[PDB]
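Reading through the structure tokens given below for one structure.
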Amino acid sequence: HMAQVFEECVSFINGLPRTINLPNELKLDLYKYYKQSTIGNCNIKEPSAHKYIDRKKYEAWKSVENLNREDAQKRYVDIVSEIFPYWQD
Ligand code: NI
Ligand code: NI
């Protein structure tokens, strides 16, 4: 059942008022699990470490290499639930 739960969680995040701002480490965690859930293992070329943020995103994603889709969705959903328990209401 994780796939549909995950889709809804993503929608909830996507819909957040453009006002709410989350800290970067949290955003990165959401990001890496989002990528690992949807695309799977990192599949792009390593960006230059000179492009700081793009590189940080790359390494975050790379760091969850080999986590299957279901565990990645669960981790994404657990992080969101931690901050927004009512997200699926
Ligand atoms: Ni199921
Ligand atoms: Ni430069």
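Naming scheme: A, B, ... for chains in displayed order of the structure tokens; residues 1 onward per chain; ligands 1 onward as shown.
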
Handout entry: Near-range 83-89 of chain A list (8 Å; only C-alpha atoms; drop same-chain fewer than 2 positions) as an MDAnalysis selection string
Key = chainID A and resid 8:9 12 79:81

Selected residues written out with C-alpha atoms, as a PDB file, in the first residue's frame:
```pdb
ATOM      1  CA  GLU A   8      -0.617  11.447  -1.373  1.00  0.00           C
ATOM      2  CA  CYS A   9       2.261  12.549   0.892  1.00  0.00           C
ATOM      3  CA  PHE A  12       0.606  17.197   0.460  1.00  0.00           C
ATOM      4  CA  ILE A  79       9.782  12.209   7.936  1.00  0.00           C
ATOM      5  CA  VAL A  80       6.651  14.109   6.823  1.00  0.00           C
ATOM      6  CA  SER A  81       4.516  12.453   9.557  1.00  0.00           C
TER       7      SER A  81
END
```

Which residues of chain A come within 10 Å of ligand 1, and for each one, what is the closest pair of atoms and their distance in Å to one decimal, counting only C-alpha atoms and all ligand atoms, sorted by chain and residue number, as JSON lines?
```
{"residue": "A:1", "atom": "CA", "partner": "ligand 1", "partner_atom_place_in_ligand_line": "1 (Ni)", "distance": 3.1}
{"residue": "A:2", "atom": "CA", "partner": "ligand 1", "partner_atom_place_in_ligand_line": "1 (Ni)", "distance": 6.4}
{"residue": "A:3", "atom": "CA", "partner": "ligand 1", "partner_atom_place_in_ligand_line": "1 (Ni)", "distance": 8.1}
{"residue": "A:4", "atom": "CA", "partner": "ligand 1", "partner_atom_place_in_ligand_line": "1 (Ni)", "distance": 8.9}
{"residue": "A:5", "atom": "CA", "partner": "ligand 1", "partner_atom_place_in_ligand_line": "1 (Ni)", "distance": 9.7}
```

Practice task
Write out as an NGL selection string each polymer residue (protein, DNA or RNA) that has an atom no more than 10 Å from ligand 2, with only C-alpha atoms and all ligand atoms counted.
Solution key: :A and (50-52)

Include N, CA, C and O atoms and write out the residues we just selected as a PDB file, in the first residue's frame.
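Written output follows (out14.pdb):
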```pdb
ATOM      1  N   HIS A  50      31.670  22.107  -7.894  1.00  0.00           N
ATOM      2  CA  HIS A  50      31.679  23.571  -7.943  1.00  0.00           C
ATOM      3  C   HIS A  50      30.221  24.100  -7.910  1.00  0.00           C
ATOM      4  O   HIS A  50      29.955  25.233  -7.510  1.00  0.00           O
ATOM      5  N   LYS A  51      29.284  23.265  -8.351  1.00  0.00           N
ATOM      6  CA  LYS A  51      27.861  23.602  -8.322  1.00  0.00           C
ATOM      7  C   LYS A  51      27.415  23.025  -6.969  1.00  0.00           C
ATOM      8  O   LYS A  51      26.843  21.942  -6.894  1.00  0.00           O
ATOM      9  N   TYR A  52      27.706  23.764  -5.907  1.00  0.00           N
ATOM     10  CA  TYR A  52      27.434  23.333  -4.548  1.00  0.00           C
ATOM     11  C   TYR A  52      26.115  22.622  -4.266  1.00  0.00           C
ATOM     12  O   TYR A  52      26.101  21.460  -3.859  1.00  0.00           O
TER      13      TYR A  52
END
```

Problem - Residue nearest residue 28 in chain A - candidates A:73, A:14, A:59, A:45, atoms counted: only C-alpha atoms - result: A:59

Handout entry: Which of A:70, A:36, A:6, A:57 sits closest to residue 24 in chain A [using only C-alpha atoms]
Key =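 Smallest separation from residue 24 in chain A among the options: A:57.
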
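For the atom pair formed by CA of residue 42 in chain A and CA of residue 61 in chain A, the distance is 6.1 Å, given to one decimal.
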
Problem - Residue with smallest distance to residue 63 in chain A - pool A:27, A:32, A:15, A:10, counting only C-alpha atoms - result: A:32

Exercise for the section: Give me, please, the distance in Å between CA of residue 25 in chain A and CA of residue 49 in chain A, quoted to one decimal. Expected result: 17.9 Å

Could you pull out the residues in range 3-87 of chain A that DSSP calls helix (DSSP H, G or I) from the backbone, as a PDB file with N, CA, C and O atoms, in the first residue's frame?
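The result, stored in part.pdb:
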```pdb
ATOM      1  N   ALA A   3       2.853   2.785  -2.155  1.00  0.00           N
ATOM      2  CA  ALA A   3       2.813   3.627  -3.344  1.00  0.00           C
ATOM      3  C   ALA A   3       1.720   4.702  -3.322  1.00  0.00           C
ATOM      4  O   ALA A   3       1.988   5.862  -3.622  1.00  0.00           O
ATOM      5  N   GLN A   4       0.491   4.334  -2.969  1.00  0.00           N
ATOM      6  CA  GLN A   4      -0.580   5.327  -2.951  1.00  0.00           C
ATOM      7  C   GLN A   4      -0.452   6.266  -1.755  1.00  0.00           C
ATOM      8  O   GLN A   4      -0.812   7.427  -1.836  1.00  0.00           O
ATOM      9  N   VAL A   5       0.058   5.756  -0.639  1.00  0.00           N
ATOM     10  CA  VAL A   5       0.258   6.581   0.548  1.00  0.00           C
ATOM     11  C   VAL A   5       1.329   7.612   0.172  1.00  0.00           C
ATOM     12  O   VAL A   5       1.166   8.801   0.401  1.00  0.00           O
ATOM     13  N   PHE A   6       2.409   7.141  -0.440  1.00  0.00           N
ATOM     14  CA  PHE A   6       3.507   8.015  -0.841  1.00  0.00           C
ATOM     15  C   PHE A   6       3.014   9.106  -1.800  1.00  0.00           C
ATOM     16  O   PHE A   6       3.341  10.278  -1.618  1.00  0.00           O
ATOM     17  N   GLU A   7       2.219   8.728  -2.800  1.00  0.00           N
ATOM     18  CA  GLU A   7       1.716   9.709  -3.768  1.00  0.00           C
ATOM     19  C   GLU A   7       0.961  10.823  -3.077  1.00  0.00           C
ATOM     20  O   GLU A   7       1.113  11.992  -3.412  1.00  0.00           O
ATOM     21  N   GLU A   8       0.137  10.460  -2.106  1.00  0.00           N
ATOM     22  CA  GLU A   8      -0.617  11.447  -1.373  1.00  0.00           C
ATOM     23  C   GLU A   8       0.260  12.373  -0.530  1.00  0.00           C
ATOM     24  O   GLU A   8      -0.028  13.562  -0.408  1.00  0.00           O
ATOM     25  N   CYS A   9       1.325  11.809   0.047  1.00  0.00           N
ATOM     26  CA  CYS A   9       2.261  12.549   0.892  1.00  0.00           C
ATOM     27  C   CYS A   9       3.004  13.595   0.061  1.00  0.00           C
ATOM     28  O   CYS A   9       3.211  14.730   0.490  1.00  0.00           O
ATOM     29  N   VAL A  10       3.410  13.172  -1.125  1.00  0.00           N
ATOM     30  CA  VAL A  10       4.106  14.015  -2.098  1.00  0.00           C
ATOM     31  C   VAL A  10       3.188  15.180  -2.449  1.00  0.00           C
ATOM     32  O   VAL A  10       3.608  16.342  -2.418  1.00  0.00           O
ATOM     33  N   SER A  11       1.926  14.866  -2.757  1.00  0.00           N
ATOM     34  CA  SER A  11       0.932  15.901  -3.084  1.00  0.00           C
ATOM     35  C   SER A  11       0.797  16.868  -1.927  1.00  0.00           C
ATOM     36  O   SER A  11       0.753  18.068  -2.122  1.00  0.00           O
ATOM     37  N   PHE A  12       0.731  16.344  -0.712  1.00  0.00           N
ATOM     38  CA  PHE A  12       0.606  17.197   0.460  1.00  0.00           C
ATOM     39  C   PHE A  12       1.791  18.129   0.570  1.00  0.00           C
ATOM     40  O   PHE A  12       1.651  19.288   0.942  1.00  0.00           O
ATOM     41  N   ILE A  13       2.977  17.610   0.294  1.00  0.00           N
ATOM     42  CA  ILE A  13       4.180  18.435   0.377  1.00  0.00           C
ATOM     43  C   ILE A  13       4.127  19.468  -0.767  1.00  0.00           C
ATOM     44  O   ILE A  13       4.283  20.661  -0.558  1.00  0.00           O
ATOM     45  N   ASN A  14       3.901  18.984  -1.980  1.00  0.00           N
ATOM     46  CA  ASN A  14       3.822  19.857  -3.138  1.00  0.00           C
ATOM     47  C   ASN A  14       2.851  21.017  -2.920  1.00  0.00           C
ATOM     48  O   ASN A  14       3.052  22.118  -3.456  1.00  0.00           O
ATOM     49  N   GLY A  15       1.811  20.775  -2.129  1.00  0.00           N
ATOM     50  CA  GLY A  15       0.798  21.785  -1.901  1.00  0.00           C
ATOM     51  C   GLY A  15       1.013  22.742  -0.764  1.00  0.00           C
ATOM     52  O   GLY A  15       0.271  23.710  -0.650  1.00  0.00           O
ATOM     53  N   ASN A  24      17.194  23.092   5.388  1.00  0.00           N
ATOM     54  CA  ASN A  24      17.855  22.383   4.307  1.00  0.00           C
ATOM     55  C   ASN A  24      18.176  20.902   4.517  1.00  0.00           C
ATOM     56  O   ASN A  24      18.009  20.108   3.598  1.00  0.00           O
ATOM     57  N   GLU A  25      18.631  20.512   5.699  1.00  0.00           N
ATOM     58  CA  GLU A  25      18.932  19.100   5.909  1.00  0.00           C
ATOM     59  C   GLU A  25      17.660  18.261   5.809  1.00  0.00           C
ATOM     60  O   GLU A  25      17.678  17.124   5.369  1.00  0.00           O
ATOM     61  N   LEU A  26      16.551  18.845   6.222  1.00  0.00           N
ATOM     62  CA  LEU A  26      15.291  18.153   6.187  1.00  0.00           C
ATOM     63  C   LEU A  26      14.839  18.096   4.736  1.00  0.00           C
ATOM     64  O   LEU A  26      14.369  17.071   4.275  1.00  0.00           O
ATOM     65  N   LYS A  27      15.007  19.198   4.013  1.00  0.00           N
ATOM     66  CA  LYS A  27      14.617  19.217   2.623  1.00  0.00           C
ATOM     67  C   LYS A  27      15.434  18.194   1.852  1.00  0.00           C
ATOM     68  O   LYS A  27      14.911  17.503   0.991  1.00  0.00           O
ATOM     69  N   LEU A  28      16.715  18.100   2.171  1.00  0.00           N
ATOM     70  CA  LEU A  28      17.572  17.147   1.480  1.00  0.00           C
ATOM     71  C   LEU A  28      17.152  15.716   1.714  1.00  0.00           C
ATOM     72  O   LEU A  28      17.276  14.873   0.810  1.00  0.00           O
ATOM     73  N   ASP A  29      16.745  15.423   2.949  1.00  0.00           N
ATOM     74  CA  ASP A  29      16.293  14.074   3.293  1.00  0.00           C
ATOM     75  C   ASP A  29      15.054  13.752   2.507  1.00  0.00           C
ATOM     76  O   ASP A  29      14.950  12.675   1.938  1.00  0.00           O
ATOM     77  N   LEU A  30      14.109  14.692   2.468  1.00  0.00           N
ATOM     78  CA  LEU A  30      12.872  14.489   1.707  1.00  0.00           C
ATOM     79  C   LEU A  30      13.226  14.279   0.235  1.00  0.00           C
ATOM     80  O   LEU A  30      12.697  13.378  -0.447  1.00  0.00           O
ATOM     81  N   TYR A  31      14.143  15.116  -0.245  1.00  0.00           N
ATOM     82  CA  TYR A  31      14.620  15.033  -1.630  1.00  0.00           C
ATOM     83  C   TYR A  31      15.216  13.665  -2.029  1.00  0.00           C
ATOM     84  O   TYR A  31      14.831  13.060  -3.062  1.00  0.00           O
ATOM     85  N   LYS A  32      16.179  13.185  -1.245  1.00  0.00           N
ATOM     86  CA  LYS A  32      16.830  11.925  -1.567  1.00  0.00           C
ATOM     87  C   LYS A  32      15.867  10.746  -1.566  1.00  0.00           C
ATOM     88  O   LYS A  32      15.982   9.875  -2.432  1.00  0.00           O
ATOM     89  N   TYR A  33      14.940  10.709  -0.610  1.00  0.00           N
ATOM     90  CA  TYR A  33      13.953   9.620  -0.564  1.00  0.00           C
ATOM     91  C   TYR A  33      12.944   9.775  -1.676  1.00  0.00           C
ATOM     92  O   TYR A  33      12.454   8.801  -2.239  1.00  0.00           O
ATOM     93  N   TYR A  34      12.648  11.017  -2.019  1.00  0.00           N
ATOM     94  CA  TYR A  34      11.747  11.273  -3.129  1.00  0.00           C
ATOM     95  C   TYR A  34      12.390  10.694  -4.409  1.00  0.00           C
ATOM     96  O   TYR A  34      11.757   9.952  -5.168  1.00  0.00           O
ATOM     97  N   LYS A  35      13.645  11.038  -4.667  1.00  0.00           N
ATOM     98  CA  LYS A  35      14.312  10.513  -5.857  1.00  0.00           C
ATOM     99  C   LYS A  35      14.423   8.980  -5.876  1.00  0.00           C
ATOM    100  O   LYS A  35      14.147   8.356  -6.890  1.00  0.00           O
ATOM    101  N   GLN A  36      14.861   8.398  -4.765  1.00  0.00           N
ATOM    102  CA  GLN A  36      15.030   6.956  -4.633  1.00  0.00           C
ATOM    103  C   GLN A  36      13.702   6.214  -4.752  1.00  0.00           C
ATOM    104  O   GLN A  36      13.672   5.055  -5.201  1.00  0.00           O
ATOM    105  N   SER A  37      12.609   6.868  -4.360  1.00  0.00           N
ATOM    106  CA  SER A  37      11.275   6.258  -4.467  1.00  0.00           C
ATOM    107  C   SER A  37      10.788   6.263  -5.906  1.00  0.00           C
ATOM    108  O   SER A  37      10.343   5.240  -6.417  1.00  0.00           O
ATOM    109  N   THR A  38      10.907   7.408  -6.565  1.00  0.00           N
ATOM    110  CA  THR A  38      10.423   7.558  -7.924  1.00  0.00           C
ATOM    111  C   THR A  38      11.319   7.040  -9.053  1.00  0.00           C
ATOM    112  O   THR A  38      10.845   6.334  -9.929  1.00  0.00           O
ATOM    113  N   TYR A  52      27.706  23.764  -5.907  1.00  0.00           N
ATOM    114  CA  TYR A  52      27.434  23.333  -4.548  1.00  0.00           C
ATOM    115  C   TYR A  52      26.115  22.622  -4.266  1.00  0.00           C
ATOM    116  O   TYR A  52      26.101  21.460  -3.859  1.00  0.00           O
ATOM    117  N   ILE A  53      25.009  23.303  -4.496  1.00  0.00           N
ATOM    118  CA  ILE A  53      23.719  22.697  -4.205  1.00  0.00           C
ATOM    119  C   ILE A  53      23.425  21.489  -5.066  1.00  0.00           C
ATOM    120  O   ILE A  53      23.009  20.460  -4.550  1.00  0.00           O
ATOM    121  N   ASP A  54      23.642  21.610  -6.371  1.00  0.00           N
ATOM    122  CA  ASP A  54      23.403  20.484  -7.255  1.00  0.00           C
ATOM    123  C   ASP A  54      24.242  19.307  -6.778  1.00  0.00           C
ATOM    124  O   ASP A  54      23.788  18.166  -6.795  1.00  0.00           O
ATOM    125  N   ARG A  55      25.463  19.575  -6.329  1.00  0.00           N
ATOM    126  CA  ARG A  55      26.316  18.497  -5.854  1.00  0.00           C
ATOM    127  C   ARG A  55      25.783  17.881  -4.563  1.00  0.00           C
ATOM    128  O   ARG A  55      25.832  16.658  -4.380  1.00  0.00           O
ATOM    129  N   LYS A  56      25.285  18.720  -3.664  1.00  0.00           N
ATOM    130  CA  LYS A  56      24.715  18.230  -2.412  1.00  0.00           C
ATOM    131  C   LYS A  56      23.523  17.336  -2.678  1.00  0.00           C
ATOM    132  O   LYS A  56      23.300  16.378  -1.964  1.00  0.00           O
ATOM    133  N   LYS A  57      22.729  17.702  -3.681  1.00  0.00           N
ATOM    134  CA  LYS A  57      21.543  16.933  -4.030  1.00  0.00           C
ATOM    135  C   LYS A  57      21.998  15.598  -4.583  1.00  0.00           C
ATOM    136  O   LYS A  57      21.461  14.546  -4.228  1.00  0.00           O
ATOM    137  N   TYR A  58      23.009  15.649  -5.441  1.00  0.00           N
ATOM    138  CA  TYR A  58      23.560  14.435  -6.012  1.00  0.00           C
ATOM    139  C   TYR A  58      24.048  13.464  -4.930  1.00  0.00           C
ATOM    140  O   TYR A  58      23.676  12.288  -4.922  1.00  0.00           O
ATOM    141  N   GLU A  59      24.871  13.940  -4.002  1.00  0.00           N
ATOM    142  CA  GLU A  59      25.385  13.045  -2.978  1.00  0.00           C
ATOM    143  C   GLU A  59      24.290  12.513  -2.052  1.00  0.00           C
ATOM    144  O   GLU A  59      24.380  11.394  -1.587  1.00  0.00           O
ATOM    145  N   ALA A  60      23.261  13.311  -1.770  1.00  0.00           N
ATOM    146  CA  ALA A  60      22.173  12.855  -0.892  1.00  0.00           C
ATOM    147  C   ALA A  60      21.503  11.651  -1.548  1.00  0.00           C
ATOM    148  O   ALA A  60      21.320  10.612  -0.928  1.00  0.00           O
ATOM    149  N   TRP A  61      21.148  11.811  -2.812  1.00  0.00           N
ATOM    150  CA  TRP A  61      20.526  10.754  -3.595  1.00  0.00           C
ATOM    151  C   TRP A  61      21.448   9.511  -3.669  1.00  0.00           C
ATOM    152  O   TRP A  61      21.026   8.375  -3.403  1.00  0.00           O
ATOM    153  N   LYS A  62      22.705   9.734  -4.034  1.00  0.00           N
ATOM    154  CA  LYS A  62      23.680   8.652  -4.114  1.00  0.00           C
ATOM    155  C   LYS A  62      23.755   7.911  -2.794  1.00  0.00           C
ATOM    156  O   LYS A  62      23.924   6.695  -2.768  1.00  0.00           O
ATOM    157  N   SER A  63      23.637   8.637  -1.688  1.00  0.00           N
ATOM    158  CA  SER A  63      23.767   7.984  -0.404  1.00  0.00           C
ATOM    159  C   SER A  63      22.666   6.980  -0.091  1.00  0.00           C
ATOM    160  O   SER A  63      22.842   6.162   0.803  1.00  0.00           O
ATOM    161  N   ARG A  69      12.212   0.800  -3.515  1.00  0.00           N
ATOM    162  CA  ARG A  69      11.158   1.799  -3.595  1.00  0.00           C
ATOM    163  C   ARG A  69      10.257   1.877  -2.362  1.00  0.00           C
ATOM    164  O   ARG A  69       9.941   2.974  -1.906  1.00  0.00           O
ATOM    165  N   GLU A  70       9.843   0.734  -1.823  1.00  0.00           N
ATOM    166  CA  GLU A  70       8.970   0.752  -0.651  1.00  0.00           C
ATOM    167  C   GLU A  70       9.618   1.316   0.623  1.00  0.00           C
ATOM    168  O   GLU A  70       8.960   2.021   1.387  1.00  0.00           O
ATOM    169  N   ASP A  71      10.882   0.980   0.878  1.00  0.00           N
ATOM    170  CA  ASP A  71      11.550   1.497   2.070  1.00  0.00           C
ATOM    171  C   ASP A  71      11.799   3.013   1.929  1.00  0.00           C
ATOM    172  O   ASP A  71      11.799   3.753   2.919  1.00  0.00           O
ATOM    173  N   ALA A  72      12.036   3.459   0.699  1.00  0.00           N
ATOM    174  CA  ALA A  72      12.292   4.871   0.437  1.00  0.00           C
ATOM    175  C   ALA A  72      11.004   5.668   0.618  1.00  0.00           C
ATOM    176  O   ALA A  72      11.016   6.796   1.131  1.00  0.00           O
ATOM    177  N   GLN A  73       9.887   5.097   0.183  1.00  0.00           N
ATOM    178  CA  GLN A  73       8.606   5.783   0.350  1.00  0.00           C
ATOM    179  C   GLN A  73       8.256   5.856   1.855  1.00  0.00           C
ATOM    180  O   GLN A  73       7.775   6.886   2.362  1.00  0.00           O
ATOM    181  N   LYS A  74       8.502   4.763   2.567  1.00  0.00           N
ATOM    182  CA  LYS A  74       8.206   4.755   3.971  1.00  0.00           C
ATOM    183  C   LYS A  74       9.012   5.786   4.713  1.00  0.00           C
ATOM    184  O   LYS A  74       8.485   6.452   5.602  1.00  0.00           O
ATOM    185  N   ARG A  75      10.293   5.915   4.377  1.00  0.00           N
ATOM    186  CA  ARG A  75      11.128   6.905   5.052  1.00  0.00           C
ATOM    187  C   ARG A  75      10.660   8.329   4.724  1.00  0.00           C
ATOM    188  O   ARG A  75      10.641   9.186   5.591  1.00  0.00           O
ATOM    189  N   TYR A  76      10.266   8.571   3.479  1.00  0.00           N
ATOM    190  CA  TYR A  76       9.762   9.887   3.084  1.00  0.00           C
ATOM    191  C   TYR A  76       8.525  10.206   3.939  1.00  0.00           C
ATOM    192  O   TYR A  76       8.440  11.267   4.596  1.00  0.00           O
ATOM    193  N   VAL A  77       7.567   9.284   3.923  1.00  0.00           N
ATOM    194  CA  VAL A  77       6.321   9.451   4.673  1.00  0.00           C
ATOM    195  C   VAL A  77       6.541   9.599   6.193  1.00  0.00           C
ATOM    196  O   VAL A  77       5.863  10.393   6.840  1.00  0.00           O
ATOM    197  N   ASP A  78       7.494   8.853   6.751  1.00  0.00           N
ATOM    198  CA  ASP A  78       7.796   8.952   8.168  1.00  0.00           C
ATOM    199  C   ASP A  78       8.356  10.342   8.505  1.00  0.00           C
ATOM    200  O   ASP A  78       7.992  10.919   9.531  1.00  0.00           O
ATOM    201  N   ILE A  79       9.255  10.877   7.674  1.00  0.00           N
ATOM    202  CA  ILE A  79       9.782  12.209   7.936  1.00  0.00           C
ATOM    203  C   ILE A  79       8.610  13.217   7.907  1.00  0.00           C
ATOM    204  O   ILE A  79       8.429  13.993   8.840  1.00  0.00           O
ATOM    205  N   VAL A  80       7.780  13.183   6.874  1.00  0.00           N
ATOM    206  CA  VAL A  80       6.651  14.109   6.823  1.00  0.00           C
ATOM    207  C   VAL A  80       5.732  13.960   8.052  1.00  0.00           C
ATOM    208  O   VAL A  80       5.351  14.960   8.678  1.00  0.00           O
ATOM    209  N   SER A  81       5.389  12.724   8.407  1.00  0.00           N
ATOM    210  CA  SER A  81       4.516  12.453   9.557  1.00  0.00           C
ATOM    211  C   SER A  81       5.079  13.008  10.845  1.00  0.00           C
ATOM    212  O   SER A  81       4.334  13.364  11.750  1.00  0.00           O
ATOM    213  N   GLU A  82       6.402  13.054  10.917  1.00  0.00           N
ATOM    214  CA  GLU A  82       7.116  13.563  12.071  1.00  0.00           C
ATOM    215  C   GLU A  82       6.807  15.067  12.249  1.00  0.00           C
ATOM    216  O   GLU A  82       6.591  15.553  13.365  1.00  0.00           O
ATOM    217  N   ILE A  83       6.755  15.786  11.133  1.00  0.00           N
ATOM    218  CA  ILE A  83       6.490  17.219  11.144  1.00  0.00           C
ATOM    219  C   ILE A  83       5.011  17.588  10.971  1.00  0.00           C
ATOM    220  O   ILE A  83       4.533  18.549  11.587  1.00  0.00           O
TER     221      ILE A  83
END
```

Exercise for the section: Quick one: pull the distance between CA of residue 68 in chain A and CA of residue 41 in chain A, Å, one decimal. Expected result: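 Separation of CA of residue 68 in chain A and CA of residue 41 in chain A: 8.8 Å.
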